[PDB]
There are 2 protein chains.
Amino acid sequence: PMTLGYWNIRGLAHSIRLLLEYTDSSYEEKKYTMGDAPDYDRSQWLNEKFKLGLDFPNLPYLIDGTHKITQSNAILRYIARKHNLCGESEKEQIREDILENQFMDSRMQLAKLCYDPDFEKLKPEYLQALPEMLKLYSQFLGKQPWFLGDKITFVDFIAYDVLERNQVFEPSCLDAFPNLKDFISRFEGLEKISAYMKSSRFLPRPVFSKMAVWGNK
Amino acid sequence: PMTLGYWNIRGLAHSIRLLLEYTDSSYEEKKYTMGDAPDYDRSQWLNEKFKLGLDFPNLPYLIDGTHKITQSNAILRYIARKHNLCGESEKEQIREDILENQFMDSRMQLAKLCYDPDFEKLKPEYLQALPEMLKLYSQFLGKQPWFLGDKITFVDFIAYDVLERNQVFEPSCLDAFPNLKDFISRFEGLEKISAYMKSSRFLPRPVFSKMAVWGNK
Ligand SMILES: N[C@@H](CCC(=O)N[C@@H](CSC[C@@H](O)c1ccccc1)C(=O)NCC(=O)O)C(=O)O
Ligand SMILES: N[C@@H](CCC(=O)N[C@@H](CSC[C@@H](O)c1ccccc1)C(=O)NCC(=O)O)C(=O)O
């Protein structure tokens with residue numbers, strides 16, 4: 001089978017779910033539910049973490065036949081290669097590698113904030129820096145429909161998740177960046193993406209786990 | 001020649017310097033130096049961060065003619081592709097992606113600890129977890145000379161850095177894992193690596209920046 005294992009939240013699995021849907025993959029999900037405060041029990045996961053044959057047990061994981069893959073970027077690249085959704089030219093591969101890692105840094109900046117006990121005090125600093133962050137992505141995208149040019153590739157699924165999560169956080173944040181606004185709309189307008197988003201499989205919320213200060217519900 | 005820009009420390013540039021040396025690359029280093037405590041003045045970098053033509057200005061960066069690259073993994077992959085130092089088969093590419101990301105997680109775990117003011121109280125937790133972490137890498141390597149099999153590739157440069165840095169931190173940590181010990185020796189014994197390491201250009205210390213509680217010198 002093809003099985004995606006992750007917590008029952010958006011988190012690091014959003015881009016993977018969207019890519020599985022876009023590629024018309026035949027997959028099922030193993031959803032782990034963290035317990036409520038105060039214990040935030042992880043037993044649903046911990047009771048099988050070491051029983052799945054994973055080399056480096058973690059969430060998310062993808063099982064595809066005999067392939068057992070962890071690390072969200074490795075999972076995305078695996079699916080992308082399977083469906084010819086990677087950068088082709090050297091210049092495209094450079095952009096792909098820069099963006100995969102840059103978007104991960106941006107993702108981690110937001111996650112660090114949203115789990116920080118000092119969230120309320122720290123949020124203004126994040127918001128002050130947000131337009132500059134977005135400006136750099138806007139400049140890089142330029143006039144192209146997708147981040148690697150005319151063809152959609154896996155890094156667009158990363159880009160969508162990170163950019164759209166920032167819109168959930170600060171609704172107006174993309175408004176100053178026409179190309180980013182149009183990118184979100186173009187992605188959500190893709191046939192398989194809009195089909196997914198009208199279905200009960202779509203899991204836009206909670207953004208983060210039960211322990212988060214923001215995005216826990 | 002190419003320009004490699006980074007702080008005047010080991011940090012995220014160790015694997016890149018080693019890969020540049022292994023590939024006989026012509027390069028010069030632009031070395032930045034941080035100020036002292038408590039402010040850790042970054043002016044030497046910040047005063048030219050936006051004057052270098054980088055799309056997402058950061059350290060490390062690599063300038064190779066028209067190619068201007070940030071994100072350490074992107075720099076490594078760029079050099080690796082140029083010299084056929086990447087996984088070839090699907091299984092090799094999956095291993096490569098898992099390890100690139102897994103080693104980054106390990107790297108960040110040690111850096112998070114060593115930069116934490118509460119270093120002393122937090123150290124036992126890291127050290128107790130270390131054997132498990134290394135066991136997983138040892139199991140994955142098995143009897144192979146290199147992490148992707150019989151061919152050395154860029155992920156070996158990442159592996160060497162992360163494993164050897166842990167040996168600096170905890171001198172005995174690889175002793176229980178003969179294949180990891182032997183891997184370190186094999187990497188260090190490559191002609192071009194050995195020549196570099198025995199030269200004055202090799203920069204094993206400081207491990208981290210001036211802000212670190214451990215490895216700041
Ligand atoms: N670099 C890895 C990070 C993987 C990771 O941090 N995984 C977290 C859940 S997501 C990170 C974050 O969204 C999250 C969600 C829910 C709980 C904790 C953290 C996890 O629960 N791993 C299993 C384990 O440690 O046993 C990756 O990209 O896959
Ligand atoms: N994901 C990125 C991380 C890049 C990064 O965190 N770079 C740090 C110095 S290294 C991280 C670490 O070794 C370090 C070194 C020195 C000081 C603090 C931290 C930096 O100083 N960037 C310049 C900037 O943000 O303007 C990468 O892999 O290249």
Side-chain angles (χ1 to χ4, degrees), chain A residues 12 49-50 53-82 86-106 108 112 132-142 147 154-155, chain B residues 12 49-50 53-82 86-106 108 112 132-142 147 154-155:
Chain A
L12 280 178
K49 172 173 186 175
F50 297 103
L54 301 173
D55 297 291
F56 301 93
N58 217 335
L59 295 169
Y61 65 76
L62 183 76
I63 311 299
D64 184 1
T66 64
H67 290 308
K68 297 179 181 69
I69 307 174
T70 57
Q71 293 293 341
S72 64
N73 289 151
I75 297 169
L76 288 165
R77 284 175 175 271
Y78 167 79
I79 300 161
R81 287 194 301 271
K82 185 180 181 187
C86 305
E88 288 156 348
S89 72
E90 179 57 26
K91 283 193 185 171
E92 285 160 17
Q93 294 174 265
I94 294 160
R95 285 175 71 84
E96 186 172 69
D97 299 341
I98 291 172
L99 290 167
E100 173 193 41
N101 290 282
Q102 188 74 17
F103 277 124
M104 183 63 77
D105 284 349
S106 296
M108 293 292 91
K112 183 174 196 310
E132 292 163 49
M133 178 207 301
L134 297 171
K135 183 178 185 174
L136 295 177
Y137 289 121
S138 180
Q139 291 172 150
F140 207 66
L141 177 65
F147 275 93
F154 79 89
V155 77
Chain B
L12 281 179
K49 173 172 178 171
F50 299 101
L54 302 174
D55 298 287
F56 300 99
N58 218 333
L59 293 169
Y61 65 77
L62 186 78
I63 309 298
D64 184 22
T66 52
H67 287 133
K68 299 190 185 62
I69 308 181
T70 59
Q71 293 292 340
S72 63
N73 287 331
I75 293 168
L76 289 167
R77 286 175 175 267
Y78 170 73
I79 303 156
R81 284 194 303 271
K82 197 172 172 196
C86 302
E88 299 170 12
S89 71
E90 183 58 27
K91 260 258 190 186
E92 287 166 5
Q93 291 177 78
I94 293 166
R95 288 176 69 86
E96 182 170 74
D97 297 341
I98 293 176
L99 289 169
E100 176 193 36
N101 291 281
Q102 189 71 25
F103 279 122
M104 186 62 77
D105 285 354
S106 296
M108 292 186 290
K112 187 181 183 165
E132 292 169 67
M133 174 210 299
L134 297 170
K135 182 175 191 164
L136 295 177
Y137 290 122
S138 178
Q139 292 172 160
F140 206 63
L141 181 63
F147 274 90
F154 78 90
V155 80

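First the proteins, then the strands, lettered A, B, ... as listed; each starts at 1.
- For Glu96(B), no part lies under 4.5 angstrom from a heavy atom of chain A.
- Going from atom CG of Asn73(A) over to atom CG of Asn101(A) covers 7.0 Å, rounded to the nearest 0.5 Å.
- Contact check for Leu54(A) versus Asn58(A): no side-chain heavy atoms found under the 4.5 Å cut-off.
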Derivation and outcome, side chain to side chain contact (heavy atoms under 4.5 Å, CB included), residues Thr70(B) and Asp55(B): CA-CA 8 Å; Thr70(B) 59; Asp55(B) 298 287; over 6 Å; no
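- For residues 59-68 of chain B, the interface with chain A (any heavy-atom pair closer than 4.5 Å) comprises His67(B), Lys68(B), sorted by residue number.
- Between chain A and the options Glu100(B), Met104(B), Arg81(B), the largest number of non-hydrogen pairs under 4.5 Å is found for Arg81(B).
- Between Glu88(A) and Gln93(A), the shortest heavy-atom contact is O-OE1, 3.4 Å.
- In this structure, chain A has no heavy atom under 4.5 Å from any part of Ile75(B).
- Looking at residues two or more places apart in sequence or on another chain, you find a side chain to side chain donor-acceptor pair (under 3.5 Å) between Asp105(B) and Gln71(A).
- A salt bridge is absent between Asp97(A) and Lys91(A); no separation between the charged side-chain nitrogens and carboxylate oxygens falls under 4.0 Å.
- Pairing each heavy atom of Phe140(A) with each of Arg95(A), the nearest pair is O-NH2, 2.8 Å.
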Criterion side chain to side chain contact (heavy atoms under 4.5 Å, CB included) on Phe154(A) and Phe147(A), from CA distance to verdict: CA-CA 10 Å; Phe154(A) 79 89; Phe147(A) 275 93; over 6 Å; no
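- A search for side chain to side chain donor-acceptor pair (under 3.5 Å) contacts involving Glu92(B) returns nothing, not counting sequence neighbours.
- In summary, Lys82(A) and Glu90(B) do not engage in a salt bridge, as defined by a charged side-chain N under 4.0 Å from a carboxylate O.
- Residues of residues 132-139 of chain B that come within less than 4.5 angstrom of chain A, heavy atom to heavy atom, are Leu136(B), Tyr137(B) in numerical order.
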